[PDB]
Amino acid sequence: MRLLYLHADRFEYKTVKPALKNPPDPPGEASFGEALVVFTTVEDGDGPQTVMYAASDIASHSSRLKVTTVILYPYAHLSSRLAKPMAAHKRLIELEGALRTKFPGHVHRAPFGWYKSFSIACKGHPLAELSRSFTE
């Protein structure tokens, strides 16, 4: 699993065309104020262990940033070893679920399988953009 952590003043997205034949989540749009935006790429081999490490890391990073909103934003582009779409969707659902058992704020998982427009205002402090790898 490969993640990009973006500490944002605001974030918004909107689904547009389907990027998969039958996207497993419905279309939609949402916008947020200050949030940790987590671009999430599921890699071949990612399992329950990986999900658990990622969830713990997101929770502790969110806590140090003092954010109360986390966006789990599915992203195809952070790896050249992608999990298949069925497995990836499963892992992202598991990730959202696991995060709620460790983090008390708003957790929003963006729809999987869509092209999306997005806008972000990313903060410029030293911890505002980080990347993480998790494996098992």
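Numbers for residues come from their place in the sequence shown, where the first is 1.
J.: Read off the CA B-factors in the entry, average them over 88-96 and over 26-34, and name the higher stretch.
T.: The deposited B-factors put 26-34 ahead on the C-alpha mean.
J.: Taking only the Cα B-factors deposited for this chain, tell me whether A59 sits in the lowest, middle or highest third.
T.: Middle third by C-alpha B-factor.
J.: Quick check on the deposited entry: does the C-alpha B-factor of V51 sit in the lowest, middle or highest third of its chain?
T.: Middle third of the chain for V51's C-alpha B-factor.
J.: What third of the chain does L72 rank in for C-alpha temperature factor, lowest, middle or highest?
T.: Its C-alpha B-factor belongs to the lowest third of this chain's values.
J.: Using the temperature factors of the C-alpha atoms in this entry, rank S80 within its chain: lowest, middle or highest third.
T.: It falls in the top third of the chain.
J.: Select lowest, middle or highest to describe the third in which the CA B-factor of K66 falls within its chain in this entry.
T.: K66: CA B-factor falls in the highest third of its chain.
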